[PDB]
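Participant:
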Amino acid sequence: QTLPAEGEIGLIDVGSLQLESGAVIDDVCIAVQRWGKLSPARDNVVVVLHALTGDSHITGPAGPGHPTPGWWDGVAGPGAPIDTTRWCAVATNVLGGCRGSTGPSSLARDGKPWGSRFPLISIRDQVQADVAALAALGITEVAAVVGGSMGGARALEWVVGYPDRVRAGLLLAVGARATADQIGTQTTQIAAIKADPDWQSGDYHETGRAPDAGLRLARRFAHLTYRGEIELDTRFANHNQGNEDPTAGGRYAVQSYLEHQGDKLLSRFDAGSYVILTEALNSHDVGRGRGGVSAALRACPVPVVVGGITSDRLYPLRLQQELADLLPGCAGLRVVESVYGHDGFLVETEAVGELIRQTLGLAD
Amino acid sequence: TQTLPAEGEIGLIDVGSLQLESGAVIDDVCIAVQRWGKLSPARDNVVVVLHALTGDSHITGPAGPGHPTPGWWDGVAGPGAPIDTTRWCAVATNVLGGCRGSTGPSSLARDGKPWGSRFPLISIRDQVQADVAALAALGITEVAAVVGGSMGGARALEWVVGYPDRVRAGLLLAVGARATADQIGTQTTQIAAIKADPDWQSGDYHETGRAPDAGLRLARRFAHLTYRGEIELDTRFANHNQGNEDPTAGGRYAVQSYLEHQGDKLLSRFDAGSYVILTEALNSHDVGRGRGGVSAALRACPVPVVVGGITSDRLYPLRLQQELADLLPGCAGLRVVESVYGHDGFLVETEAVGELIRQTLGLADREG
Ligand SMILES: CC(C)(COP(=O)(O)OP(=O)(O)OC[C@H]1O[C@@H](n2cnc3c(N)ncnc32)[C@H](O)[C@@H]1OP(=O)(O)O)[C@@H](O)C(=O)NCCC(=O)NCCS
Ligand SMILES: CC(C)(COP(=O)(O)OP(=O)(O)OC[C@H]1O[C@@H](n2cnc3c(N)ncnc32)[C@H](O)[C@@H]1OP(=O)(O)O)[C@@H](O)C(=O)NCCC(=O)NCCS
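Residue numbers (the deposited numbering), protein chains in the order written: chain A, 9 to 372; chain B, 8 to 375.
What follows is the structure, encoded as C-alpha cells:
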C-alpha cells in the first residue's frame with residue numbers, strides 16, 4: 009500500500025489484530041493523513057499522535073471533509089516545527105476512534121455496527137495498530153513520535169514497546185501510568201454517558217437516538233480538568249453571560265462557555281468512541297508486564313524530550329518529572345510555561361514548537 | 008413560647024414568612040436547630056456553627072435515633088473541645104432549602120404537596136436571614152461568633168458583613184469572597200447532571216416513587232473529586248483494581264469503586280432537590296453584590312475574623328483565602344493549614360482547625 013496524496017485522506021487495511029486481552033478484531037482499517045514528502049529511504053517519518061477527541065487532521069483550514077481546522081494548525085509545513093520540506097508528518101486516526109478508523113460506530117461482518125460488541129482496547133493496542141498501519145506502507149522505523157495526553161501515552165508505549173522502530177520521541181503532558189484522579193473523573197465521565205437512557209447498552213447506533221445529554225455532561229466536566237483554575241476566573245469570573253440573569257433562567261459566562269464546548273463535540277464525536285477511548289486511558293500503565301514503571305523506563309534507550317505544563321490540573325507536573333528522571337534518554341524535565349492547564353500543549357504554539365524542534369534534532 | 012431544644016435533640020423553630028433577596032416570598036419557613044451547652048447569664052456566648060453543602064445541624068455526636076451518621080465535626084463542641092461547652096453555647100441550624108430538617112424543596116407547602124419546582128432560588132444572604140430570624144424567634148439577637156467552612160464559610164462571611172453589630176467574631180475556612188469560574192463551572196454542570204435524569208420530572212418527583220438517583224450520584228462523584236487532593240488519591244488508590252475485579256473485562260478500578268460508594272452514601276441521606284437549590288446558592292455567592300464590589304464590602308466590615316485555608320484545596324484554592332485575609336481589616340493574616348486531603352481538610356484536620364476555632368473564640372472574648 010502507498011501513502012495517501014499529501015493532504016488527502018487514506019485508509020490502510022492492516023487485517024486482523026490480536027489485542028493484549030486476547031480478543032481478535034478483524035478487518036481493521038486505520039485512517040491516515042500525511043504532510044511532507046517521503047524520503048527515498050523511508051526514514052524521515054514523524055508520526056503525530058492525537059489525543060482523546062482528535063483525528064488525523066493535524067493541520068490545515070476547515071471546510072469540506074473537515075468541520076474544524078487541525079488541532080495543531082501550523083505544526084507541519086515549510087519552516088514549521090515539523091519541517092515538511094525534509095520531514096514526513098504522518099498522522100493516523102487512533103484505533104477505536106470515529107474519524108475513519110475502526111471503532112464502535114464502524115460496521116462488523118454481520119453488516120451492523122460494532123456497538124457494545126467492540127472489544128476493550130489499551131494504549132498498547134492502539135500502538136500496535138499504528139505500527140501495523142505504517143508497516144502496511146513499507147515503513148518499519150520512524151524518525152520520531154510526538155503527542156500529548158493520549159497521544160503522549162501512545163508515544164510512550166511506542167518508544168518503550170518498539171524502541172528499535174523509532175529514533176526519538178516527544179512526550180508531552182503525560183505520565184507513566186493513569187492516576188487515581190484521572191481514572192476517577194474518567195470512569196465517572198463514562199458513567200455519565202452510560203446513565204443516559206439513549207445509551208442503549210452501547211448499541212444506539214442507527215437507532216435514531218444517541219446519548220447526547222450524557223456526552224455533553226462528560227465533555228463539560230472533562231474540559232474543566234483541561235484548563236487552569238486561575239485562567240478560568242481571570243477570564244470568566246462569576247460574570248453573567250451578556251445581560252442574562254442566572255437567578256431566573258440565565259447563565260453564567262463560564263456556564264455558557266462550557267455548553268458551547270460540549271456542543272462542538274456532539275457535532276463531530278461519537279459517544280461509543282468516547283467510552284472506548286476513555287477506558288483505554290484508564291488502562292494506561294507502562295510498567296504492566298515489564299517489571300514496574302521504574303524498570304520499564306530505566307530499560308528504555310530511545311532519546312526522548314519530556315515536556316510538562318505548570319498549571320496542568322489533569323496531568324500534574326510531578327508526573328512528567330518522574331518520566332524524565334527515569335528515562336535514560338531524557339536529559340531533564342522541559343517545563344512549558346502556560347496558564348491554560350492541560351490545553352497548554354495545544355495553545356502554546358512557540359513553546360511546543362521548540363520542544364518539537366529539539367526532538368527532531370535527536371532523530372538526526 | 009418557642010424554646011431551644013434539649014442538648015442532643017432537634018428543634019423546629021417557626022419564623023413565619025420570609026421575603027427573599029429576589030423579591031419572592033417563602034411562607035411558613037421552618038428552621039431545624041440543635042444546641043450544645045447552656046446559655047450564659049447575658050446570653051452572650053452563642054457560637055453559631057454553619058454547615059457546608061450537604062451538612063446538617065448534627066455537628067457532633069455519635070449515630071443514633073434520627074442521626075444515621077455521626078456529626079461532620081465529631082468532637083468540635085463539648086467539655087474542653089474547641090467550642091468548650093463549659094463556656095460557650097454551640098448552636099447549629101439546618102440551612103434554608105435543606106432537606107435535613109428545615110424548609111426546602113421536599114417539605115410540604117400550604118397546598119398539601121411538596122414545594123418541588125415551586126421552591127424559589129435562594130442566595131447565601133437568604134440563608135443568613137433565616138438563621139438570624141430563627142435565633143430572633145427564640146430571643147437571641149446577638150451571637151459571640153460564627154464559624155464554618157465552604158458554604159458554611161460563605162454563610163459566616165455574609166453574616167459578619169451583613170450583621171456586623173450582632174456578631175463579635177467569625178471563622179472563615181476554605182472559602183472565597185465570591186464564587187469562582189471553576190466552581191460555577193463544575194457546580195452548574197452538576198445541576199445539569201441531576202436535571203438530565205429522566206426521573207427529575209422538572210423537580211416534582213418527590214411523591215411519585217421515582218427519584219433522579221442516577222443524576223445525583225453523578226453530581227456527587229464529580230463533586231467529591233474536587234473535595235480531595237490529587238496526591239492523596241494517587242497514594243491511596245493509584246491505578247489499582249478494586250478487589251479481584253478486572254477493568255479489562257468490565258471491572259472497576261479502586262478509585263472508581265470509592266467514588267461510587269460516595270455517591271450512594273449521599274444518595275440515601277440527601278434530597279436531589281435540595282442539592283440543586285443549595286448548589287445554586289453557592290453559584291450566586293458574591294459578598295460584593297449591592298455593596299460596590301468585593302473590595303468595598305470587605306473593607307467596610309470591621310469584625311475580627313480568623314481566615315484559614317488548606318494547602319491542597321482544589322475547589323477553594325489557597326489564593327481565595329489569601330484574598331479574604333488581605334481585604335478584611337479585622338483579619339491579622341492568613342492562617343495556612345497543611346493538609347493532603349484537599350478541601351476536605353477543614354473536616355479532617357480536627358487538631359489544626361481546632362486551634363483556629365480557639366483563636367476565633369478568643370477574639371469573641373476580647374470583644375465582649
Ligand atoms: C481549542 C482549545 C484546545 C484551546 O483553544 P483556546 O485558545 O483555549 O480557545 P477557547 O476554548 O478558550 O475559546 C474559543 C471558543 O470558546 C468560545 N467561547 C468563549 N467564551 C464563550 C462564552 N462565554 N459562551 C460561549 N462560547 C464562548 C469562543 O466563541 C470560541 O468558539 P469557537 O470554537 O467557535 O471558536 C480548547 O479551547 C478546546 O476547544 N478544547 C480543549 C480540550 C481538548 O481539545 N482536549 C483534547 C486534548 S487532551
Ligand atoms: C466525611 C468525609 C470527610 C470522610 O472523609 P475521610 O474520613 O477522609 O474518609 P473517606 O470517606 O475518604 O473513606 C472512608 C469511606 O470510604 C469507603 N471506601 C474506602 N475505599 C473504598 C473503596 N475502594 N471502594 C469503596 N468504598 C471505599 C470506606 O469503606 C469508608 O466508608 P464509610 O463512608 O461507610 O465509612 C467524606 O468522605 C464524607 O463522607 N462526606 C463529606 C461531605 C461533604 O460535603 N464534604 C465536603 C464539605 S461540603
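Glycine is no exception: its CB is placed at the ideal position from the N, C-alpha and C atoms.
#1: Counting only C-beta atoms, is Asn246 of chain A closer than 8 Å to chain B at any point?
#2: Specify, as a first and last residue, the run of the beta strand (DSSP E) that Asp21 of chain B falls within.
#3: Under a Cβ-count criterion, where at least 16 other Cβ atoms within 10 Å of its own Cβ denotes burial, should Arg373 of chain B be classed as buried or exposed?
#4: By Cβ distance below 7 Å, which residues in the same chain neighbour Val347 of chain B in space, the five residues on each side in sequence not counted?
#5: Give me the Cα-Cα distance between residue 379 of chain B and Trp43 of chain B, rounded to the nearest whole angstrom.
#6: When Cβ atoms are compared, which residues of the region 249-267 of chain B fall closer than 7 Å to chain A?
#7: Determine which residues share a DSSP beta bridge with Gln197 of chain B and list them.
#8: In chain order, what residues of the same chain lie with their CB nearer than 8 Å to the CB of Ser64 of chain A, ignoring the 5 residues before and after it?
#9: Among A:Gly105, A:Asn248, A:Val32 and A:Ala184, whose alpha-carbon lies nearest the alpha-carbon of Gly160 of chain A?
#10: Quick one, are the C-beta atoms of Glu214 of chain B and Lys272 of chain B less than 8 Å apart?
#11: Determine the contact status of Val301 of chain B and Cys338 of chain B, defining contact as a CB-CB distance below 8 Å.
#12: Based on the DSSP output, what are the partners of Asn248 of chain A in its beta bridges?
#13: Along chain A, in chain order, which residues have C-beta atoms closer than 9 Å to that of residue 2 of chain B?
#14: In whole angstroms, give me the CA-to-CA distance for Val54 of chain A and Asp91 of chain A.
#15: Can you tell me whether DSSP reads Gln41 of chain B as helix, strand or coil?
#16: Compare the Cα-Cα distances from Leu322 of chain B to each of B:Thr367, B:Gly352 and B:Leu370 and report the closest residue.
#17: Which residues in chain A sit within 7 Å of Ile191 of chain B, going by Cβ to Cβ distance?
#18: According to DSSP, what are the bridge partners of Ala84 of chain A?
#19: Let me know the secondary structure DSSP gives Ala70 of chain A once reduced to three states.
#20: Assign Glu358 of chain A to buried or exposed, taking buried as 16 or more other Cβ atoms, counted over all protein chains shown, within 10 Å of its Cβ.
#21: Could you tell me which chain A residues have their CB closer than 8 Å to the CB of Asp241 of chain B, listed as they occur along the chain?
#22: For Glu237 of chain B, return the contacting residues in chain A, with the cut-off set at a CB-CB distance below 9 Å.
#23: Beta-carbon of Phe277 of chain B versus every beta-carbon of chain A: anything under 8 Å?
#24: Tell me where the alpha helix (DSSP H) around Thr367 of chain B begins and ends.
#25: Against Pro205 of chain A, what residues of chain B qualify as contacts under a CB-to-CB distance less than 8 Å, listed in chain order?
#26: Cβ closer than 7 Å: which chain A residues qualify as neighbours of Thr195 of chain B?
#27: Is the beta carbon of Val294 of chain B sitting closer than 8 Å to the one on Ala279 of chain B?
#28: Kindly identify the DSSP beta-bridge partner or partners of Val168 of chain B.
#29: Could you tell me the alpha carbon to alpha carbon distance between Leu142 of chain B and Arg306 of chain B, rounded to whole angstroms?
#30: Ligand 2 and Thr61 of chain B: does any heavy atom of the ligand fall closer than 7 Å to the residue's C-beta?
#31: At what residue ranges does the region 131-184 of chain B contain a whole run of the alpha helix (DSSP H), taking only runs of 4 or more?
#32: For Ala279 of chain A, write down the residues that DSSP places opposite it in a beta bridge.
#33: Are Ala176 of chain B and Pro311 of chain B closer than 8 Å when you measure CB to CB?
#34: Please list, in chain order, the chain B residues whose beta carbon lies closer than 9 Å to that of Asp293 of chain A.
#35: Against chain A, with Cβ distances strictly below 8 Å, would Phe126 of chain B count as a contact?
#36: Is there at least one Cβ from chain A nearer than 8 Å to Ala161 of chain B's Cβ?
Facilitator: Let's see:
#1: yes
#2: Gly18 to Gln26
#3: exposed
#4: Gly236, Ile238, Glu239 and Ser319
#5: Because residue 379 of chain B is not part of the residues shown, which for chain B are 8 to 375, the question remains open.
#6: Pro254, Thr255, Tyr260, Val262, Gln263 and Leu266
#7: Residue pairing from DSSP leaves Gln197 of chain B without any beta-bridge partner.
#8: Within the same chain, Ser64 of chain A has close Cβ partners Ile17, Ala39, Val40, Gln41, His58, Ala99, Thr100, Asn101, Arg107 and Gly108.
#9: A:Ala184
#10: It is not a contact, given that the beta carbons lie outside the stated cut-off.
#11: No, the Cβ-Cβ distance between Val301 of chain B and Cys338 of chain B is not below 8 Å.
#12: In the DSSP assignment, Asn248 of chain A forms a beta bridge with A:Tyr260.
#13: Residue 2 of chain B is absent from the model: chain B starts at 8 and stops at 375.
#14: Straight-line Cα distance between these residues: approximately 10 Å.
#15: In the structure shown, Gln41 of chain B sits in a strand (DSSP, three-state: E or B).
#16: When only C-alpha atoms are compared, the closest one is B:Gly352.
#17: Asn246, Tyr260, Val262 and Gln263
#18: BP columns for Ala84 of chain A point to A:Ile90.
#19: Correct three-state label for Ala70 of chain A: coil.
#20: exposed
#21: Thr187, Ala188 and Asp189
#22: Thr187, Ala188, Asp189, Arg321, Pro324 and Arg326
#23: no
#24: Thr357 to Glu374
#25: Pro205
#26: Within chain A, the residues near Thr195 of chain B are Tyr260 and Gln263.
#27: no
#28: DSSP, once it has assigned bridges, lists no residue as partnering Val168 of chain B.
#29: Cα-Cα distance, rounded: 27 Å.
#30: yes
#31: 131-145 and 158-169
#32: Answer is none; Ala279 of chain A lacks a bridge partner.
#33: yes
#34: Within 9 Å Cβ-Cβ: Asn246.
#35: no
#36: no
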